[PDB]
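Data block below; observations after.
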Amino acid sequence: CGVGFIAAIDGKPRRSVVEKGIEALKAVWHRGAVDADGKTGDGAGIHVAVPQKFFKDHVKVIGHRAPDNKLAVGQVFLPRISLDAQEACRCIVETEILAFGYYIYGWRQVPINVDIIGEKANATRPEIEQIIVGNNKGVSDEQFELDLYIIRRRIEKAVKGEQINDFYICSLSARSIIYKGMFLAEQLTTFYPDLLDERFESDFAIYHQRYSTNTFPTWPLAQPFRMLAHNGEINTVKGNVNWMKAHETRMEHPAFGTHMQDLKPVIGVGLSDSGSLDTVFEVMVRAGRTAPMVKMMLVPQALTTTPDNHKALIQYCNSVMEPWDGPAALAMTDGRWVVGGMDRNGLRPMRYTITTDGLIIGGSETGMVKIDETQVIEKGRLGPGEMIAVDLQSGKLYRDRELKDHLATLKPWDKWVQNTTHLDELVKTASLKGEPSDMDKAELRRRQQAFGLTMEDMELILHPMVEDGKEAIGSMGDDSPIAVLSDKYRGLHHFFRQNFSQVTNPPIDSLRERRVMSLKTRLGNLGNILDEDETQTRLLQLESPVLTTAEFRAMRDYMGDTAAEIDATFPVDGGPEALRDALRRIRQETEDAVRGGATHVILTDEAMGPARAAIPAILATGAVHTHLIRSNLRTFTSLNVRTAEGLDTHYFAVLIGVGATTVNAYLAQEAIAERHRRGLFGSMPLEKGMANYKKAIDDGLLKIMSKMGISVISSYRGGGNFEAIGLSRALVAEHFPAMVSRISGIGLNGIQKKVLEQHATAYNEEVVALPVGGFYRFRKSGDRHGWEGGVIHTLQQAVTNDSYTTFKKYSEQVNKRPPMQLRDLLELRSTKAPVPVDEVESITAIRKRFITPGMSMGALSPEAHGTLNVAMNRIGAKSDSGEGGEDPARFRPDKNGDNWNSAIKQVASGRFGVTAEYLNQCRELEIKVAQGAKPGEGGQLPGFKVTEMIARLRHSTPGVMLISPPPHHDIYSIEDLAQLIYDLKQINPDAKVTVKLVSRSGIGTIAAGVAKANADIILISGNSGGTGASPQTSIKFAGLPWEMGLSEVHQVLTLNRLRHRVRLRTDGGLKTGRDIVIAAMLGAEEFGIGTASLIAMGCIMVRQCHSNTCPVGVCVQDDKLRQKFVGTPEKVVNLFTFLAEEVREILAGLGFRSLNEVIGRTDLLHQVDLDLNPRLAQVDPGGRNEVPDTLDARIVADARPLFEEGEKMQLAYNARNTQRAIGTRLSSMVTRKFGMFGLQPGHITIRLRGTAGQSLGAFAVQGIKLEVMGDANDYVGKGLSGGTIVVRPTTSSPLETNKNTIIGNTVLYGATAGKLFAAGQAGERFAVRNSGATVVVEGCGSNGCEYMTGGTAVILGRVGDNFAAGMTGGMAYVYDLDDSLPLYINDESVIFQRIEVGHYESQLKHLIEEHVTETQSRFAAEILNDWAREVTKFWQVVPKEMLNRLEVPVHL
Ligand SMILES: Cc1cc2nc3c(=O)[nH]c(=O)nc-3n(C[C@H](O)[C@H](O)[C@H](O)COP(=O)(O)O)c2cc1C
Ligand SMILES: CS(=O)(=O)CC[C@H](N)C(=O)O
Ligand SMILES: O=C(O)CCC(=O)C(=O)O
Ligand code: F3S
């Protein structure tokens, strides 16, 4: 994959612009899935100017006369198999161009060579044909495209009405034309020779290859699109899409004249995300807005450093259009400008070079197209939010600032912005004036009972919010029933699961990166995206959809005649259809209101009473919002909800994203008060009370959002980002935005019945106390759980006394209950007579398919951890190190023969103990993208668990907390995954690689991509798995059952013929023989067993894993407490032995003599309402994935002496952007023979001219040194491990070392040792997570030194926003010539001072010296020359938590 762009700064056409454009496309294949087929690829494209010589001649050769104007071309994919349709297609195409009365010189079959296409693709190949049009009407450049645009839509529309498939017009303008198709980019020129003609000349270019979650090639989905080309993904798409359904309700502009209606819907069916973007971007530009304005209105930068002009503008946009978020490198152009742009988080690479010849070449990597250093005038990149551009009419280049300057210039942004009413202060005022409360406990209690609330609810969850202003953290998995199956009133919000993101895009850090996020809310800002007038700022604005009963009324008053209140409630005397008609009613009443003139709606349960049940706020909000959309009305109101049932963060999230503008949990502020008048909060005023509550819910949301990288509530709102488990298809469709509900579930009639039942509970008689509740924990009360006391005892009894009979009694205890989980709804019947048990496969055999999941050293006691490693190795199975290091002492068997080393090592966001030697002490690497306990997010390890041993392991700082970054920093998109897997397979030639993913609908597809990315195993984790520490909403609301995700992967992978390329594993609550058989039949080959293995080691399931108070030594770092541990290998081994025997017992009954004979065999399962079909369906009823060599292949060959004799060596080689992971293999080899540190620095040194591609020197141990004279791309020294890497411009380059980029992003991610020197600037997230590498570099993008925990980080230059966020431990100095660092640095955990002590001043000096020595850097050398005055300019950045720990104090 890639996007790229090229432009002649002067405006004047050239052939090289196209030849370069090809050139690029020939250097991206190293980033894609190569087929063994040699031909098949996902899509490539080049968007250049229609070449008027070439075309005109053509018209001449047929013997017409060339017009004076520009001649248009339509580039069109016709149906290729039904001639009947091609015609219909061409009549339509002609008719439409005809009624605008332009002129047709006529069709031209495009030459192409289908030999380089694969069959899959030739299959779906359309018939490519050009049609040539002339501007007989003598209109203007601008009018021609405008008209053509209305024409293309007209066609597009008619073909649709005709119901014609496969028709598609890539381009149809007289400025631009697109040559895209499904074939390898390196072969664009082969499939389309026109491109090789010298008449193809052009002032600009835009190329793009693409990847996919597929094996199927659609042609129209290859890019570039008509104005756009996108690398990334736009996670906020359904959000955007539904907004347009309303944005459109009002869009009207005069340029389309009477055409608008043909103009809608601007987004047709079947578009890819980017495709939909281009769609919108286009209309906007067709109506007048420049390119750069549009990038902004749609992919605005974050309004955190910023001039005030810009801020105005931004604020303007944000008020018109809600962003289109997701990682995004974009290459754009309206007719005149050409733009390179970034998403608001700089999520994708985008280097660029400027030449003496007056060209700019935009890129994704950098070595992408030869250019002589000699003619380089600059070497840049884009950072979050920036653009760079060219105005081809004036042949002027604008860098970000200067370009943004320009747009600020266009209008009185501020004066206009000043037109908004921020009703904030007005609202805060009334709160301080006193959050009221008007119910008597006798009431609170009874309503509360209506929505089935409890003490656990009040104590466990509400309280901490009020107190700490933070939400409840907890531990152990979610073992309760899944709500539909529940026995006990659960509220709608229970069935909506929060979606989150896995490999497609990364989730954000809402702590360390809160500045880019946002919760602004606006009532009445929905008018003409098409307009550009100040009247667009006239709207009210909150800063949280969240309102305390005080603030709420504040607002509701300011509104007034303008608001309308709808009674979300229904009679109980009602009848079987009570709630239905209720839902109609509300729907209608809101209609009338809005029509009637109303501008705000207030939906509410307030009139709930003994005679009226409340309509489930969630259902009521959706029913309303949707119908509102469905009648083009939502654009006229704000929709605000008052809910008695609301209480936690989740409930807000759902409400909001199913419509809600504003929410007020009124009966909870109440419940807060009552608590407060028994002084449960102590001194603290009820007002500060709410304040906190509110922050907890605000950060609440910001989080839930970040789980699918979304930075902003307006796109999130109404986007329906949930998945419904349990409610009926029909329903979910009827009333909420689009969401999946893969098995229908209950419907209104059930909902009604349950709502009312709980109701009687609370108005049928007195209520002094809520029940206790046993949702977050087993009480011997109502809610059941998997793990309950009896069950735990019996199991313990069983593995301790070693009786299989006791085991069997446990599992029976377990299997004889009411269904609690989906698998529980299946029977296993077969058609074979039974077989004798002896005959089946053996336990030895079976238990080997079992593994003990990754549970970190930290989360668990050292004793527990190694216990597990011993058990697994004893029975020839495998265990998983876990998110947190593994001690290397452990790399040998002990006198007793026991083996503490673990067979599968993880690799997760904060790369904990990740070392060349760690990565090499195993048979398998598990890329942890996610756990079912907390999908969207990333591990926690409370500070008081960060023992010293722990801290030593992890290179973290003692007793300081370890919260991990939710996304991996080197996996922002699937190609990214792809490359990690490559490095992984490079540093360790023997291991298989796994990808831990978490079930959720859509996993299937990703699953595929993972497969194309060379993963060997894929593991789908259930929603219910365990965690040592994790917020409770994720434990109860993120994730989906494995029975759904595991089949989906089984199916989809099968459906694309990849299902044999990868092995499948699953975990999530598997405690029993049958749980394991059923998982096999659904497709699994391996099963993971954690918690139950913990319980055998003794866990009693008391849930204080986060607390460091383990009654039993399982999950606790405390010494005394660790002495109460009685786990034993022998115990765990017994657990597995039983499990397998119980598996064999079952297979025999089924007539099978082995597990393999039953994988995938879903015909053996019958579901004994929900629709379990989609899970049972069969698609077609009736070593390791190896990888390509790299430079290392030769380097190694050339190093015989190294390994053979010990010699020292110096090698030289060129290097291209296309060579990845250079050295890594070397490193694996060296680490294996001499170990990370048995070689003295520089022992084997390899100079490289040119460009290093991703992962340069990744995992290099000491002894290796790489000099890259030239430059590099992302991830230099990723996981650096005591090796050394240096990078400087070519002796001959005339560039100013420090004013130019030289290495990409996420450099030194997670390193632990070694040095890195860089004559130049580095891009985003430099030194992220560095845990002990020393570096020197002349500058650095934003988010630098983030989450760093060790090492020294010098920095000869300016530094990006949010520097040092979460930087708990190492140190960075920072030459700052403008005393600006103050404006960029992220305070929170760090401080800066000028050097005072002189050993710190000396430390710096020596590095900088090294730097120079290695890099021959002038600018550096000069700082050395004026040390005196200069030292004065740096700034010591030192972590708070490091102040008292530091041998030599930093002060005095
Ligand atoms: C205490 C504990 C620690 C865990 N630590 C990790 C971890 O370090 N890395 C990881 O990728 N998943 C981790 N997990 C999840 C397990 O690896 C596995 O996905 C899940 O535990 C199995 O769920 P089951 O508990 O119902 O047996 C942890 C889970 C628990 C309960
Ligand atoms: C190379 S790419 O993976 O960024 C593809 C981009 C886009 N989401 C698409 O489906 O075309
Ligand atoms: O130990 C850690 O860093 C993480 C452990 C974890 O996140 C979990 O077990 O839920
Ligand atoms: S608190 Fe974890 S619950 Fe198991 S580990 Fe101790 S009993």
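We name chains A, B, ... following the order of the structure tokens; residues begin at 1 in each chain, and ligands are numbered from 1 as shown.
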Margin query: Within 10 Å of ligand 3 (counting only C-alpha atoms and all ligand atoms), which residues show up? I'd like them as a VMD selection string.
Written below: chain A and resid 474 to 477 854 to 860 882 to 885 908 to 912 930 to 934 937 to 942 945 to 946 950 954 961 to 964 1025 to 1031 1105 to 1106 1115
Note to self: Let's see if you can do this: from backbone DSSP, list all alpha helix (DSSP H) residues in range 496-687 of chain A, as a PyMOL selection string.
What the structure shows: chain A and resi 549-559+578-596+617-629+649-656+666-676+686-687
Checklist line | range 165-179 of chain A surroundings by only C-alpha atoms, 6 Å radius, close-in-sequence under 3 positions cut, as a ChimeraX atom specification | finding: /A:45-50,71-79,145
Taking N, CA and C atoms for each residue, export the selection above as a PDB file, in the first residue's frame.
```
ATOM      1  N   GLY A  45      -3.596   2.686  -9.054  1.00  0.00           N
ATOM      2  CA  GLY A  45      -4.258   3.768  -9.745  1.00  0.00           C
ATOM      3  C   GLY A  45      -3.295   4.916  -9.907  1.00  0.00           C
ATOM      4  N   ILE A  46      -3.496   5.770 -10.912  1.00  0.00           N
ATOM      5  CA  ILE A  46      -2.641   6.950 -11.039  1.00  0.00           C
ATOM      6  C   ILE A  46      -3.602   7.901 -11.611  1.00  0.00           C
ATOM      7  N   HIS A  47      -3.647   9.089 -11.016  1.00  0.00           N
ATOM      8  CA  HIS A  47      -4.613  10.135 -11.383  1.00  0.00           C
ATOM      9  C   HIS A  47      -3.783  11.236 -11.988  1.00  0.00           C
ATOM     10  N   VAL A  48      -3.748  11.361 -13.328  1.00  0.00           N
ATOM     11  CA  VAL A  48      -3.034  12.466 -14.002  1.00  0.00           C
ATOM     12  C   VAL A  48      -3.941  13.328 -14.865  1.00  0.00           C
ATOM     13  N   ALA A  49      -3.355  14.379 -15.425  1.00  0.00           N
ATOM     14  CA  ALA A  49      -4.181  15.250 -16.291  1.00  0.00           C
ATOM     15  C   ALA A  49      -4.477  14.616 -17.672  1.00  0.00           C
ATOM     16  N   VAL A  50      -5.725  14.789 -18.128  1.00  0.00           N
ATOM     17  CA  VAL A  50      -6.108  14.306 -19.452  1.00  0.00           C
ATOM     18  C   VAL A  50      -5.062  14.883 -20.419  1.00  0.00           C
ATOM     19  N   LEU A  71     -10.470  19.084 -24.417  1.00  0.00           N
ATOM     20  CA  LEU A  71     -11.312  18.005 -24.882  1.00  0.00           C
ATOM     21  C   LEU A  71     -11.531  17.117 -23.657  1.00  0.00           C
ATOM     22  N   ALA A  72     -12.766  16.746 -23.341  1.00  0.00           N
ATOM     23  CA  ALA A  72     -13.001  15.873 -22.176  1.00  0.00           C
ATOM     24  C   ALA A  72     -12.844  14.365 -22.454  1.00  0.00           C
ATOM     25  N   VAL A  73     -12.624  13.584 -21.410  1.00  0.00           N
ATOM     26  CA  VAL A  73     -12.764  12.146 -21.521  1.00  0.00           C
ATOM     27  C   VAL A  73     -13.548  11.543 -20.320  1.00  0.00           C
ATOM     28  N   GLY A  74     -14.432  10.602 -20.601  1.00  0.00           N
ATOM     29  CA  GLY A  74     -15.049   9.770 -19.580  1.00  0.00           C
ATOM     30  C   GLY A  74     -14.220   8.471 -19.550  1.00  0.00           C
ATOM     31  N   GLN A  75     -13.872   7.927 -18.382  1.00  0.00           N
ATOM     32  CA  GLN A  75     -13.115   6.680 -18.313  1.00  0.00           C
ATOM     33  C   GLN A  75     -14.105   5.742 -17.681  1.00  0.00           C
ATOM     34  N   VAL A  76     -14.477   4.685 -18.387  1.00  0.00           N
ATOM     35  CA  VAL A  76     -15.628   3.998 -17.892  1.00  0.00           C
ATOM     36  C   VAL A  76     -15.576   2.497 -17.828  1.00  0.00           C
ATOM     37  N   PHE A  77     -16.042   1.909 -16.725  1.00  0.00           N
ATOM     38  CA  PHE A  77     -16.035   0.465 -16.632  1.00  0.00           C
ATOM     39  C   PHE A  77     -17.442   0.007 -16.960  1.00  0.00           C
ATOM     40  N   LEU A  78     -17.603  -0.663 -18.102  1.00  0.00           N
ATOM     41  CA  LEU A  78     -18.910  -1.191 -18.440  1.00  0.00           C
ATOM     42  C   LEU A  78     -19.013  -2.646 -18.023  1.00  0.00           C
ATOM     43  N   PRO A  79     -20.237  -3.110 -17.888  1.00  0.00           N
ATOM     44  CA  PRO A  79     -20.501  -4.510 -17.586  1.00  0.00           C
ATOM     45  C   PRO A  79     -19.746  -5.195 -18.692  1.00  0.00           C
ATOM     46  N   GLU A 145     -16.150  21.198 -16.077  1.00  0.00           N
ATOM     47  CA  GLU A 145     -16.189  20.225 -14.986  1.00  0.00           C
ATOM     48  C   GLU A 145     -17.513  20.378 -14.242  1.00  0.00           C
TER      49      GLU A 145
END
```
Note to self: List as a PyMOL selection string the protein and nucleic acid residues near residue 881 in chain A, meaning an atom at most 9 Å away when only C-alpha atoms are counted, but skip any in the same chain fewer than 5 places from it.
What the structure shows: chain A and resi 853-857+865+869+886+901-906
Notebook entry, point to check: What's the 9 Å shell around residue 436 in chain A, counting only C-alpha atoms, without same-chain residues fewer than 3 positions away, as a list in words?
Noted result: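 Selected residues are residues 431, 549, 550, 669, 670 and 673 of chain A.
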Would you tabulate, counting only C-alpha atoms and all ligand atoms, all residues of chain A that have an atom at most 7 Å from an atom of ligand 2, showing the closest pair of atoms and their distance in Å to one decimal, sorted by chain then ascending number, as a tab-separated table?
```
residue	atom	partner	partner_atom_place_in_ligand_line	distance
A:1	CA	ligand 2	1 (C)	4.4
A:2	CA	ligand 2	1 (C)	6.0
A:209	CA	ligand 2	1 (C)	6.1
A:210	CA	ligand 2	1 (C)	3.4
A:211	CA	ligand 2	3 (O)	4.5
A:212	CA	ligand 2	3 (O)	6.0
A:221	CA	ligand 2	11 (O)	6.6
A:222	CA	ligand 2	11 (O)	6.7
A:223	CA	ligand 2	11 (O)	6.9
A:230	CA	ligand 2	6 (C)	5.8
A:231	CA	ligand 2	4 (O)	3.5
A:232	CA	ligand 2	4 (O)	3.7
A:233	CA	ligand 2	8 (N)	4.1
A:234	CA	ligand 2	8 (N)	6.7
A:272	CA	ligand 2	10 (O)	5.2
A:273	CA	ligand 2	8 (N)	5.4
A:274	CA	ligand 2	7 (C)	5.4
A:973	CA	ligand 2	3 (O)	6.9
A:974	CA	ligand 2	3 (O)	6.6
```
Next, dump the selected residues to file, keeping only N, CA, C and O atoms, as a PDB file, in the first residue's frame.
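Okay, this is what ended up in out.pdb:
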```
ATOM      1  N   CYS A   1       0.807  -1.274   0.000  1.00  0.00           N
ATOM      2  CA  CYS A   1       0.000   0.000   0.000  1.00  0.00           C
ATOM      3  C   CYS A   1       0.820   1.294   0.000  1.00  0.00           C
ATOM      4  O   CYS A   1       2.000   1.308   0.415  1.00  0.00           O
ATOM      5  N   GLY A   2       0.189   2.375  -0.462  1.00  0.00           N
ATOM      6  CA  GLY A   2       0.793   3.692  -0.399  1.00  0.00           C
ATOM      7  C   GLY A   2      -0.058   4.789  -0.997  1.00  0.00           C
ATOM      8  O   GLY A   2      -0.971   4.476  -1.756  1.00  0.00           O
ATOM      9  N   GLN A 209      -1.743   2.350  -4.171  1.00  0.00           N
ATOM     10  CA  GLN A 209      -1.993   0.901  -4.155  1.00  0.00           C
ATOM     11  C   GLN A 209      -2.839   0.697  -2.898  1.00  0.00           C
ATOM     12  O   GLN A 209      -2.916   1.626  -2.116  1.00  0.00           O
ATOM     13  N   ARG A 210      -3.507  -0.441  -2.689  1.00  0.00           N
ATOM     14  CA  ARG A 210      -4.339  -0.620  -1.498  1.00  0.00           C
ATOM     15  C   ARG A 210      -4.327  -2.062  -1.050  1.00  0.00           C
ATOM     16  O   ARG A 210      -3.910  -2.897  -1.838  1.00  0.00           O
ATOM     17  N   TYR A 211      -4.728  -2.336   0.198  1.00  0.00           N
ATOM     18  CA  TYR A 211      -4.666  -3.707   0.758  1.00  0.00           C
ATOM     19  C   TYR A 211      -6.058  -4.075   1.082  1.00  0.00           C
ATOM     20  O   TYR A 211      -6.955  -3.242   1.058  1.00  0.00           O
ATOM     21  N   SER A 212      -6.238  -5.296   1.521  1.00  0.00           N
ATOM     22  CA  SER A 212      -7.577  -5.517   1.986  1.00  0.00           C
ATOM     23  C   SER A 212      -7.710  -6.756   2.775  1.00  0.00           C
ATOM     24  O   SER A 212      -6.794  -7.564   2.851  1.00  0.00           O
ATOM     25  N   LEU A 221     -13.660  -0.090  -6.541  1.00  0.00           N
ATOM     26  CA  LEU A 221     -12.978   0.225  -5.286  1.00  0.00           C
ATOM     27  C   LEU A 221     -11.459   0.447  -5.356  1.00  0.00           C
ATOM     28  O   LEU A 221     -10.878   0.689  -4.310  1.00  0.00           O
ATOM     29  N   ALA A 222     -10.760   0.334  -6.485  1.00  0.00           N
ATOM     30  CA  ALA A 222      -9.377   0.764  -6.394  1.00  0.00           C
ATOM     31  C   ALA A 222      -9.391   2.282  -6.528  1.00  0.00           C
ATOM     32  O   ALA A 222     -10.246   2.844  -7.212  1.00  0.00           O
ATOM     33  N   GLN A 223      -8.409   2.922  -5.901  1.00  0.00           N
ATOM     34  CA  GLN A 223      -8.241   4.371  -5.880  1.00  0.00           C
ATOM     35  C   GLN A 223      -7.184   4.646  -6.911  1.00  0.00           C
ATOM     36  O   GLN A 223      -6.488   3.700  -7.261  1.00  0.00           O
ATOM     37  N   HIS A 230      -6.551   7.980  -0.325  1.00  0.00           N
ATOM     38  CA  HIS A 230      -6.415   7.810   1.086  1.00  0.00           C
ATOM     39  C   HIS A 230      -5.660   6.593   1.520  1.00  0.00           C
ATOM     40  O   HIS A 230      -6.028   5.521   1.102  1.00  0.00           O
ATOM     41  N   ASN A 231      -4.650   6.759   2.383  1.00  0.00           N
ATOM     42  CA  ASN A 231      -3.983   5.644   3.087  1.00  0.00           C
ATOM     43  C   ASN A 231      -4.513   5.706   4.483  1.00  0.00           C
ATOM     44  O   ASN A 231      -4.457   6.773   5.081  1.00  0.00           O
ATOM     45  N   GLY A 232      -5.038   4.598   4.992  1.00  0.00           N
ATOM     46  CA  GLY A 232      -5.603   4.582   6.309  1.00  0.00           C
ATOM     47  C   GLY A 232      -6.976   3.979   6.275  1.00  0.00           C
ATOM     48  O   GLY A 232      -7.271   3.068   5.503  1.00  0.00           O
ATOM     49  N   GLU A 233      -7.830   4.556   7.098  1.00  0.00           N
ATOM     50  CA  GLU A 233      -9.177   4.054   7.320  1.00  0.00           C
ATOM     51  C   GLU A 233      -9.976   5.119   8.076  1.00  0.00           C
ATOM     52  O   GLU A 233      -9.441   5.882   8.864  1.00  0.00           O
ATOM     53  N   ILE A 234     -11.277   5.163   7.935  1.00  0.00           N
ATOM     54  CA  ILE A 234     -11.931   6.249   8.589  1.00  0.00           C
ATOM     55  C   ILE A 234     -12.902   5.640   9.506  1.00  0.00           C
ATOM     56  O   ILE A 234     -14.015   5.294   9.076  1.00  0.00           O
ATOM     57  N   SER A 272     -16.380   2.166  -0.594  1.00  0.00           N
ATOM     58  CA  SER A 272     -15.412   1.857   0.411  1.00  0.00           C
ATOM     59  C   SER A 272     -15.394   3.141   1.245  1.00  0.00           C
ATOM     60  O   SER A 272     -16.102   4.102   0.963  1.00  0.00           O
ATOM     61  N   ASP A 273     -14.743   3.127   2.412  1.00  0.00           N
ATOM     62  CA  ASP A 273     -14.761   4.335   3.255  1.00  0.00           C
ATOM     63  C   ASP A 273     -14.225   5.547   2.501  1.00  0.00           C
ATOM     64  O   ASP A 273     -14.915   6.569   2.419  1.00  0.00           O
ATOM     65  N   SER A 274     -13.063   5.390   1.867  1.00  0.00           N
ATOM     66  CA  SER A 274     -12.457   6.495   1.174  1.00  0.00           C
ATOM     67  C   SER A 274     -13.324   6.906   0.044  1.00  0.00           C
ATOM     68  O   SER A 274     -13.496   8.070  -0.270  1.00  0.00           O
ATOM     69  N   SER A 973      -2.288   0.130  11.070  1.00  0.00           N
ATOM     70  CA  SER A 973      -3.118  -0.290   9.930  1.00  0.00           C
ATOM     71  C   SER A 973      -2.646  -1.671   9.524  1.00  0.00           C
ATOM     72  O   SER A 973      -1.485  -2.050   9.755  1.00  0.00           O
ATOM     73  N   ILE A 974      -3.427  -2.377   8.739  1.00  0.00           N
ATOM     74  CA  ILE A 974      -2.955  -3.726   8.465  1.00  0.00           C
ATOM     75  C   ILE A 974      -1.594  -3.944   7.834  1.00  0.00           C
ATOM     76  O   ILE A 974      -0.947  -4.948   8.098  1.00  0.00           O
TER      77      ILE A 974
END
```
Checklist line | Selection: 9 Å around range 1378-1381 of chain A, only C-alpha atoms, excl. self and same-chain fewer than 5 positions, as a ChimeraX atom specification | finding: /A:1358-1360,1363,1433,1435
Item checked: Nearby residues, ligand 4, 12 Å, only C-alpha atoms and all ligand atoms, as a PyMOL selection string -> chain A and resi 474-477+777-778+787-789+792+855+858-861+863-865+1026-1029+1090-1118+1121-1122+1124-1127
Write out the residues from the selection above, keeping C-alpha atoms, as a CSV table (one decimal), in the first residue's frame.
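result04.csv written:
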```csv
chain,number,residue,atom,x,y,z
A,474,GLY,CA,-12.1,-4.3,39.2
A,475,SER,CA,-10.8,-7.8,38.4
A,476,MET,CA,-11.4,-11.3,37.0
A,477,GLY,CA,-13.6,-11.9,34.0
A,777,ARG,CA,-19.5,-10.5,42.3
A,778,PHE,CA,-21.0,-13.8,43.4
A,787,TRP,CA,-17.4,-19.6,39.0
A,788,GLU,CA,-19.5,-19.8,42.2
A,789,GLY,CA,-18.3,-21.4,45.5
A,792,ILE,CA,-14.8,-23.8,42.9
A,855,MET,CA,-1.1,-13.8,32.5
A,858,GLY,CA,3.2,-8.7,37.9
A,859,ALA,CA,-0.5,-9.5,37.6
A,860,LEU,CA,0.4,-12.8,39.1
A,861,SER,CA,2.8,-13.8,41.9
A,863,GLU,CA,5.2,-18.3,42.3
A,864,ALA,CA,2.0,-18.7,40.3
A,865,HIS,CA,3.6,-17.7,37.0
A,1026,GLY,CA,-10.1,-12.5,32.9
A,1027,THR,CA,-7.8,-9.6,33.7
A,1028,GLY,CA,-5.9,-8.8,36.8
A,1029,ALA,CA,-7.0,-5.2,36.6
A,1090,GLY,CA,-6.6,-19.4,32.4
A,1091,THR,CA,-8.8,-18.7,35.3
A,1092,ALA,CA,-9.7,-22.3,35.8
A,1093,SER,CA,-6.0,-22.9,35.8
A,1094,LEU,CA,-5.7,-20.2,38.4
A,1095,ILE,CA,-8.4,-21.8,40.5
A,1096,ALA,CA,-6.6,-25.0,40.6
A,1097,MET,CA,-3.5,-23.2,41.8
A,1098,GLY,CA,-5.9,-22.0,44.5
A,1099,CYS,CA,-7.8,-18.8,43.4
A,1100,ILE,CA,-11.0,-18.5,45.4
A,1101,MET,CA,-12.4,-15.9,43.2
A,1102,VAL,CA,-12.7,-13.2,45.6
A,1103,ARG,CA,-11.8,-10.6,43.1
A,1104,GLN,CA,-9.0,-8.5,44.6
A,1105,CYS,CA,-6.4,-9.0,42.0
A,1106,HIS,CA,-6.0,-5.3,41.6
A,1107,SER,CA,-5.5,-4.7,45.3
A,1108,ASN,CA,-2.5,-6.7,46.1
A,1109,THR,CA,-4.3,-8.4,48.9
A,1110,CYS,CA,-4.5,-11.9,47.6
A,1111,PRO,CA,-5.7,-14.3,50.2
A,1112,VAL,CA,-3.8,-16.9,48.4
A,1113,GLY,CA,-0.7,-15.8,46.7
A,1114,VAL,CA,-2.0,-16.0,43.3
A,1115,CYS,CA,-2.2,-12.5,42.1
A,1116,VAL,CA,-0.1,-10.4,44.6
A,1117,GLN,CA,3.4,-9.1,44.8
A,1118,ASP,CA,3.3,-8.8,48.5
A,1121,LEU,CA,0.8,-12.7,51.1
A,1122,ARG,CA,2.8,-14.7,48.6
A,1124,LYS,CA,0.1,-18.3,51.4
A,1125,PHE,CA,0.3,-19.9,48.0
A,1126,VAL,CA,-0.3,-23.6,47.6
A,1127,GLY,CA,-0.4,-24.0,43.9
```
